[PDB]
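The structure appears below as structure tokens.
Bear in mind these aren't lab numbers, they're just calculated from the coordinates by the rules spelled out. Heads up, the Cβs are rebuilt from the backbone with ideal geometry, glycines too, and the neighbour counts pull from every protein chain shown.
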Amino acid sequence: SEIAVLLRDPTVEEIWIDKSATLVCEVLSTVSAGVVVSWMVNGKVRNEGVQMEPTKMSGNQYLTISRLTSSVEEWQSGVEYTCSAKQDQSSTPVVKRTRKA
Amino acid sequence: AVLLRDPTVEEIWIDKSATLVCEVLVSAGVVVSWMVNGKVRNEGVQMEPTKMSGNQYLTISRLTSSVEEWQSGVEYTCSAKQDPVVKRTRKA
């Protein structure tokens, strides 16, 4: 039942030349159950700028991607970003977090 | 400051490729050297010219590996020598 959650920081390239900051939560599972990803920024619920893609199936695995678009200024304010992924019929959410280096 | 980016699962799934990215943050001169499985790796390496903005210099080097090689679990390292700082990664 356990999902693997990988949280991708915005790249310095994105920050410098795109002038945006996009965080990407990639969720992998060996089970077909649907996945919801909930984001917080600075300890507050964030719905704006969140886009979830429909789950993709490979052979025996399932990939669910959620992206959070943030400003370069928000990323470079040092606030914490959290993604919480939870899969139907699983027991507990899996949480990952990040902030500027 | 050396930031090493793993291939994303989306890249592995959709593009069937695995590209690692080393982003490096005084001098504009920096050379990035890669190792895979403890050996020099030149093949699949592309550096971009150093970028200048404010008091800072940004240099990007990309290593095009393969899905097979990434999934094999071997270690990748990038070493940035400024006018070295090393970062390492491997599949979990």
Report summary line: Once amide hydrogens are built 1.01 Å from N within the peptide plane, the residues lying 5 or more places from B:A18 or on another chain with amide H under 5 Å from its amide H are B:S65, B:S66, B:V67
**Report entry** Taking segment A:26-79 and dividing mean pair separation by its residue count, relative contact order in percent (alpha carbons under 8 Å, at least six apart)
**Finding:** 39
Query - Exceeding the 30 Å Cα-Cα cut-off - candidates A:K86/B:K39; A:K44/B:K87; A:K56/B:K51; A:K19/B:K87; A:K44/B:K91 - result: A:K86/B:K39; A:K44/B:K87; A:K56/B:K51; A:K44/B:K91
Query raised in the report: Which whole-Hz ³J(HN,Hα) couplings does segment A:92-98 yield from phi under the Karplus relation 6.51 cos²θ - 1.76 cosθ + 1.60, θ = phi - 60°, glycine and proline marked x?
Result: 8, x, 10, 10, 10, 9, 7
Requested in this report: Summarise the partner chain shielding of A:9-21 as one whole number: the mean count of Cβ atoms from other chains within 10 Å of each residue's Cβ.
Outcome: 3
Requested in this report: Give the cross-link partners of A:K100 among the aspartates and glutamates, using a straight C-alpha distance below 15 Å as the criterion and excluding same-chain residues fewer than 8 apart.
Outcome: A:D9, A:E13, A:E14, A:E73, A:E74, A:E80, B:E23
Query - Rounded to whole Hz, the Karplus (6.51, -1.76, 1.60) HN-Hα couplings of segment B:85-91, x for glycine and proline - result: 9, 10, 10, 9, 7, 6, 4
Query raised in the report: Using only Cα atoms, what Kirkwood radius does chain A have, in angstroms?
Result: 14.0
